[PDB]
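This document contains two forms of one protein chain, each encoded as C-alpha cells and listed individually as structure 1 and structure 2.
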Structure 1
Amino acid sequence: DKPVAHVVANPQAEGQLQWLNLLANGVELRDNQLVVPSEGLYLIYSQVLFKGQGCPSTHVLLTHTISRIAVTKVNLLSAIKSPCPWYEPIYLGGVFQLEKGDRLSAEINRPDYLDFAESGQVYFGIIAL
C-alpha cells in the first residue's frame, strides 16, 4: 500500500515531454507532474532517450532535470550531455524526503530530439520506501 508510480512519455505529443497515465496507492498525475500522497522517503527516477542525425553547426546541449515543487521549487536531479547518427540516454535517480502533496516534474530542453524508437524507454517514476 506504499505509493508507487511509473509514467511513460506520450510519443504523439507536440513539442513537449508529456507523461501518460502505473499510478498506485495515492500517487496522481496532474499538470504533467507526479503528486505525492504522503510524507516520506521516495526513490525518484527517470530516463529520457535522445537521438539525432549527424552533427550540425549550432552546438547541441541536451538537459534533463527532475524538480520538486513543495506546495518553493528546486532541482532534485539534473544531467547534461553534449552529443557532438547519435544516441544518448540521460538517467536520473536518488532518494528524497518528500511532503504530502508535493509535485514532481521531469523535464527536458529539447523535445524534438526525443527518441521514441523503443516504446516505454522514456519514463519517470517514484517508489515510496
Structure 2
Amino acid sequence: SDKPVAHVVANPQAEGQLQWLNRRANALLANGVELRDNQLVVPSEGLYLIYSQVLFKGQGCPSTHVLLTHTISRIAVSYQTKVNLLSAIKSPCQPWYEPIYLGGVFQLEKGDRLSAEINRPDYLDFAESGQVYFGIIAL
C-alpha cells in the first residue's frame, strides 16, 4: 500500500464553490499526496493516471447561452506555468444535467501541482454523492 494516491470529493457543505476534500469513507490522500490551496501536490517524479468528474445541474434554460467547462491543469514546480492537460466544454441549453469526465496518463515531477477547475460553481451538483471527484495514482 505504498503508491502515491488520491481520490478527493467536492465538499457537500461548501456553497457555490468547488472545494476538494479527503474523506474517511471511500476517499484517499495517501503515500505523500497532499491537498494544498485546493490542488493535489505530487510527492515524487513518475507516471500518473489523473482523472476528474463534475456534474452540472440547472433548473431551466436562461436568456444567455451557457457554456460549462471542466479542466485539469498542471502547475510545474520548476516554472510556475499552468498548462491544460485535459478539458471539455458542454452547452446544456440550445431541470438539466451535464456530467463531464476527464482522464489521462502524464509524466509529472515532484512538487508539481494539479488543479481540477470549473467556470460555473453556481451550477455544480456537489450535494449528491459520487458525482464530483478528482484523483491520481502513481503507475
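Only the largest set of C-alpha atoms that superpose within 1.5 Å between the two forms is called the rigid core. Numbers given to residues start at 1 and step along the sequence of structure 1.
Here residue 57 exhibits a Cα shift of 0.6 Å between structure 1 and structure 2, evaluated on the superposed rigid core. Relative to the superposed rigid core, residue 16 shifts its CA by 1.9 Å between structure 1 and structure 2. Taking the core as the reference frame, the CA atom of residue 118 shifts 2.0 angstrom between structure 1 and structure 2.
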